[PDB]
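As structure tokens, one chain now follows by itself in the form deposited in one PDB entry.
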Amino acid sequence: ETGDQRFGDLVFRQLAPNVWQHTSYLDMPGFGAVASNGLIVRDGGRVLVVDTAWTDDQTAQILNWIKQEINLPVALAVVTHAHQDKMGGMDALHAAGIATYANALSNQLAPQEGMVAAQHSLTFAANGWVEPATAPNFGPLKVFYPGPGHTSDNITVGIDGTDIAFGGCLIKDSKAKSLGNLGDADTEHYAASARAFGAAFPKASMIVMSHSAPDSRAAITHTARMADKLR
């Protein structure tokens, strides 16, 4: 924490001239305070958001920080899988008038997970890249579905014009001890999905992820190696 800004419970860190990481925390029984990170991207006269915070109230804090500090309208948000860390604050996005997008499968799973679905569904080609007609006006956000991993619906995003790719919850940092897979993880394909993400954004040198500070491409290698052992 040096250069980090705080708004309420949220912490913000600039990653590049037009990119910030948002971080919110949830106190959990064993882990203590657990961070969830997402991204804010300034793209011309508009802002794009990747992932909510854990809660609606935390997510409203992101939006108020954007309003106060960047002062540009948030055009859209994309959420990266249907669990509370990434979709917990959908109601706040909706109340703010923001158009929301998620993988079709995330929207299908959302009711079962107790999450609110996004307003729009992204679909993907067989090579993993988003169908452009389902992601209109996404500017520099390049959305890629790497295959099943943490969940069957997890997606990732690269930011054109930067060194940054965001693996969301599929990628763990190079010091992580395990993947924390539950019954919805696909342990057969996890390693291939982590490598696919690596291959989709081969020029990214800063890997942003949900539960650790940004890492090098070591995070991708490490995640894939740990996943190799789940087979």
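Shifts are known only where both forms have a C-alpha. Think of the rigid core as the biggest set of C-alphas that the two forms share within 1.5 Å after superposition. Residue positions are given as counts along the sequence shown, with the first one as 1.
From this point on, the text means the form deposited in another entry, which you will not see here.
Student: How about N181 - superposed on the rigid core, does its CA move between this form and the one not shown by 2 Å or more?
Tutor: Yes, the C-alpha position differs by at least 2 Å between this form and the one not shown.
Student: After a rigid core superposition, would you say the CA of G44 moves by 2 angstroms or more between this form and the one not shown, or not?
Tutor: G44: C-alpha displaced by less than 2 Å between this form and the one not shown.
Student: Taking the rigid core as reference, does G30 move its C-alpha 2 Å or further between this form and the one not shown?
Tutor: Yes, the C-alpha moves 2 Å or more.
Student: Considering a change of 3 Å or more, are the Cα atoms of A35 and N181 closer or farther in the other form than here?
Tutor: Relative to the displayed form, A35 and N181 draw closer in the other form - a change of at least 3 Å between their C-alphas.
Student: Quick one: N181 and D85 C-alpha atoms, closer or farther in the other form compared with this form (3 angstroms or more)?
Tutor: Compared with this form, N181 and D85 lie closer in the other form.
Student: Three or more consecutive residues, each Cα shifted by 2 Å or more between this form and the one not shown after core superposition: list those runs for me in sequence order.
Tutor: Runs 28-31, 180-184 stand out as displaced between this form and the one not shown - each at least 3 residues long.
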